[PDB]
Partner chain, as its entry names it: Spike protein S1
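Form solved without its partner chain, single chain, as structure tokens, below.
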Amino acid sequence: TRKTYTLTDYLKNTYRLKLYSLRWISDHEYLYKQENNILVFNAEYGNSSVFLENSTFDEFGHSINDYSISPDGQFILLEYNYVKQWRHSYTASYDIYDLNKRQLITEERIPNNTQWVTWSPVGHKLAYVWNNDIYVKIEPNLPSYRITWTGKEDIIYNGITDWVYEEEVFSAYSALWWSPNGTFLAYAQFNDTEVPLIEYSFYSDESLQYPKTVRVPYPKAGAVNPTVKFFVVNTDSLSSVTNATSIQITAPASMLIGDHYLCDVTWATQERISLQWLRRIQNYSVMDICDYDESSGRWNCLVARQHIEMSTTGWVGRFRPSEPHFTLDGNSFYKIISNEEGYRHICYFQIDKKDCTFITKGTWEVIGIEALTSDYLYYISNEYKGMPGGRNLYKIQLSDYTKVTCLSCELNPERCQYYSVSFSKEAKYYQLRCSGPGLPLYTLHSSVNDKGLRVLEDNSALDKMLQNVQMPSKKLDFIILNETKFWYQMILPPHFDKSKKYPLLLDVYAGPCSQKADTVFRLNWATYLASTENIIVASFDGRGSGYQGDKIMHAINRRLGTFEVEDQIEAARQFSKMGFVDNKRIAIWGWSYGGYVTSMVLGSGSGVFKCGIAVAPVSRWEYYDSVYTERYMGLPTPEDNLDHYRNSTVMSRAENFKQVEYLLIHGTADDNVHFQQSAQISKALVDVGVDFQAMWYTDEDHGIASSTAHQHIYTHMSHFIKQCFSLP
């Protein structure tokens, strides 16, 4: 009786998870799409109205992929012809619709194949990138002003990031930043002239007779990196001059001496901007704070306002130096930095004083600063119950740091331990997003008195369905190794019986500053494996994992492929010693960094695992990109860390794979972890006479997320796992 969570359930998404995505358009109103039409909600009372009826664009002749209302509510940007590129980048067509006179603007329209478009933060100015050059339109129906003329495909990028900056630094395609009231438009320019190209075939539809060769500037570890420059243009002067001047802001001398990166851009006030630069050896960063000089029309960054951030134990920041949050007057800012103990906490800075004051502290960390008002700073941390895998919203009194209120901890402690938040424009209201351990719960709250206004989405519908299925349970706990505690989670089959021996699958990622043991509720492949196949799926956060202090996170500095790999093997030993695991049936699998660790574990000769699956794995660090790799590994040169680069490859352990069953999978169009990486693993295995299973996914990328391939790969992996555990 009562069905279980099956593979088909997962692949067909029969049990749908509901969410509540809103867009604040002011300090007390937000937009919500309720069945193809845009509604506007009054936060205060919960009442609404139709902002844009679903029939507004039926004869548009195109499927609108997304929309964007200008800050002043006067226009709406319609995106269509969406064509995905990398992780964040894509191109599209755009039309502007005048919401007042209800008409679609047909003159001086945004070009087709536009790479990026953004409204000014105030009013309705527009800035967009086309053919790698920046353009600005003061009015939707007027001609654009071209800002740059150097744009050149795969070579010069104005206003948009190149491959590595998009993926590893800004996690965005856009590289432009409007000043608060929209007067200035700041942007970065990347030059990839000497950056080597990764080349791979793209087969496309069957009708393409000759395969296409995709070529993208991609700097592998130790190769020539793109160089970068920063500029600011006064958009208010565009209609007064024929060719507005882009004033350059040069990097400090400490960065110019060698290769470096621009890693953060954050406006402070209408005439003050801050920039952080990072040396290619990512343990030294500098923040400049630059002011507009109204008499010279130039930007100057006083050395008395420069802030240095460096690390003696690792790289700076979790993945990059943190962003500052300036007070209204721009004279001070809050920033998350690692304290003397190695834990990331909020530090209060005066712009012209080098010593900051920490406003939080403890053996836990601040995840992020969410909002700042004249009286309070709101942040998310894992302080609650000392659970590094939990997240809660807190409020600290700027006039009395001992006054810290946890705003989400006790709301529903059993159902909610992992929160995310979304504040209105002036932080007058905030939407809380609970994502576990129970079903996601979305709520709205008033900042003036921190009172709950109402439940936005409680997922009652799904709760109703799941009651008729034997769902698995999840356990989150820790084990103590060398005096330090390390967390793990287990997806346990229904009616779990600890007096039995269950087969165990270790689900691993384990890249630096990652966390696989948390309180988030997920419906994924492990759900089906535990529920239907009675398999225990475990994950462990060992050395190198984040949110637990630098002692743990920086333990793998300059040594990827060691401690995080070993700790995974040790975790499996610990789990077997728990008594309910069948030592004859322990498997391991991972994707991406997880594919690498899995492969390293399978080739360790530990004898602990019977089989494993690596999906799109890194196989040798010299094949991965510079920014990410070098951050942890330094440079692959004899004078630096070449020996470890050469000693941490999967290929060097090929012989040991004779002891296990291995399934290797990779998408041929992977622009991130090149197919090359798995090509070298398979070749090494063939060379030592090792048999193994393999699967390539034609034209799929690092995500192997196309609908058909997603279903195909998880189906293939399920058969392999079931076979290895002989269920069947």
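Positions refer to the first chain, counted from 1. Think of the rigid core as the biggest set of C-alphas that the two forms share within 1.5 Å after superposition. Shifts are known only where both forms have a C-alpha.
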Exercise. Give the stretch, out of 131-139 and 107-115, with the larger mean C-alpha temperature factor in the deposited entry.
Key: 107-115
Quiz item: Taking the recorded C-alpha temperature factors, which stretch has the higher mean, 453-461 or 509-517?
Solution: 453-461
Practice problem: Determine which member of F675, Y30, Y697, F692 has the highest CA B-factor, using the values in the deposited entry. | Solution: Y30
Quiz prompt | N392, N225, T312, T629, ranked by C-alpha B-factor: the highest one | solution = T312
Exercise. Could you say whether, by C-alpha temperature factor, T715 belongs to the lowest, middle or highest third of its chain?
Key: lowest
Self-check item: B-factor third for the C-alpha atom of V581 within its chain
Solution: highest
Quiz prompt | B-factor third for the C-alpha atom of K125 within its chain | solution = middle
Quiz item: Should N234 be placed in the lowest, middle or highest third of its chain by the C-alpha B factor in the entry?
Solution: lowest
Self-check item: Modelled-residue ranking by C-alpha temperature factor, third containing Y261
Solution: lowest
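As for the form solved in complex with its partner chain, it is not shown, yet the points below apply to it.
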Exercise. Tell me the stretch among 293-301, 334-342, 69-77, 499-507 that has any heavy atom within 4.5 angstroms of its partner chain in the deposited complex.
Key: 293-301
Exercise. Report whether all of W177, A188 and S240 sit within 4.5 Å of its partner chain in the deposited complex, measuring from non-hydrogen atoms.
Key: no
Practice problem: Could you check which residue among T484, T91, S473, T250 gets a heavy atom within 4.5 Å of its partner chain in the deposited complex? | Solution: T250
Quiz item: Among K229, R559, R522, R146, which has any heavy atom within 4.5 Å of its partner chain in the deposited complex?
Solution: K229
Practice problem: Examine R279 and determine whether its closest non-hydrogen atom to its partner chain in the deposited complex is within 4.5 angstroms. | Solution: yes
Quiz item: So, in the deposited complex, is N81 in contact with its partner chain at a 4.5 angstroms heavy atom limit?
Solution: no
Quiz item: Does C356 reach its partner chain in the deposited complex if we count a contact as any heavy atom within 4.5 Å?
Solution: no
Quiz item: Might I308 be said to contact its partner chain in the deposited complex, defining contact as any heavy atom within 4.5 Å?
Solution: yes
Practice problem: Align on the core first; then indicate which of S295, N468, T106, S239 has a CA shift of 2 angstroms or more between the shown form and the other one. | Solution: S239
Quiz item: How does the CA gap of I96 and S240 change in the deposited complex versus this form, closer or farther, if it moves 3 angstroms or more?
Solution: closer
Quiz item: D133 to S240, Cα distance in the deposited complex relative to here: closer or farther, by 3 Å or more?
Solution: closer
Exercise. With the rigid core held as the fitting reference, name the runs of three or more adjacent residues whose C-alpha atoms all move by 2 angstroms or more between the shown form and the other one.
Key: 239-241
